[PDB]
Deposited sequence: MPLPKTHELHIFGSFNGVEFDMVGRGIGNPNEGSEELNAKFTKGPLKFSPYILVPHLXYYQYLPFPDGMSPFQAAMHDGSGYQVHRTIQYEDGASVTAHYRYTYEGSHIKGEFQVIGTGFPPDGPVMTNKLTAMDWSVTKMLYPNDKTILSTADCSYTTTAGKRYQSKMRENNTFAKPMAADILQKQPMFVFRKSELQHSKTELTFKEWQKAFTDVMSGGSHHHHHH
């Protein structure tokens, strides 16, 4: 059972201040596209909404020859969990844990996001991020139940210089990934993200494309 709709709940804190957000979306699991609308609960954000982009659904991502491991684990209900760290060039750090429940073609996401060390005068706390650069993630399978994923991420700023980060995650599966997934390493994923936000809501879209080669 592959997804068509999803809900999001982010909870946690930024620089010691609790925050919470809910959203709902749609996507196309055959084309790795998704979109989400989220209404900011109680007034504006005290930080750049662009910082939320990674935390705003790999179940929408197909692989070249068949289901992604993410899709397979939804389809058989065994599931996976995501444990992510992001280290920002100015010393800030975000840690995140993602858990999912499924009903038919509907995903429910419960995302714990904790951010600290954002400089009060930095681009995140002063809302100077203007967009997130397209990215390539590299995935390896150190064992049959664990994916290690790495990316070098970056945002454009109003200043003109890019705000960089290193993103690392483990994806841990309750059951082993299928042979035909494991035999194709490394696996890369190209992602494009678009965020438009106003005072009291945001609209998010992501396109993802898995590839082993470009030549």
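- Stretches of the deposited sequence absent from the structure, as judged by C-alpha coordinates, are 1, 58, 218-227.
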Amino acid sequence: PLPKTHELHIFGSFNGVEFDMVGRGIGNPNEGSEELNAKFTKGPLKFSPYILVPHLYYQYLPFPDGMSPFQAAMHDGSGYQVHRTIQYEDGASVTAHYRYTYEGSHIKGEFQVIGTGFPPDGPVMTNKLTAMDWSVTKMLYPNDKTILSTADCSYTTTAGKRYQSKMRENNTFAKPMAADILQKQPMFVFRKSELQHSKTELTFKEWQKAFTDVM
From here on, numbers count along this sequence of modelled residues.
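- Relative to one another, 145-153 and 30-38 have unequal mean CA B-factors, and 30-38 is the one with the higher figure.
- Averaged over CA atoms, B-factors in the entry run higher in 39-47 than in the other of 182-190 and 39-47.
- For residue 2, the recorded CA B-factor ranks within the highest third of the chain. Only modelled residues enter the ranking.
- Residue 161 sits in the highest third of its chain by CA B factor, as recorded in the PDB entry.
- Residue 132: CA B factor in the highest third of modelled residues in this chain (values from the PDB entry).
- Residue-level temperature factors show residue 214 in the highest third of its chain, judged at the C-alpha atom.
- In the PDB entry, residue 77 places in the highest third of its chain by CA B-factor.
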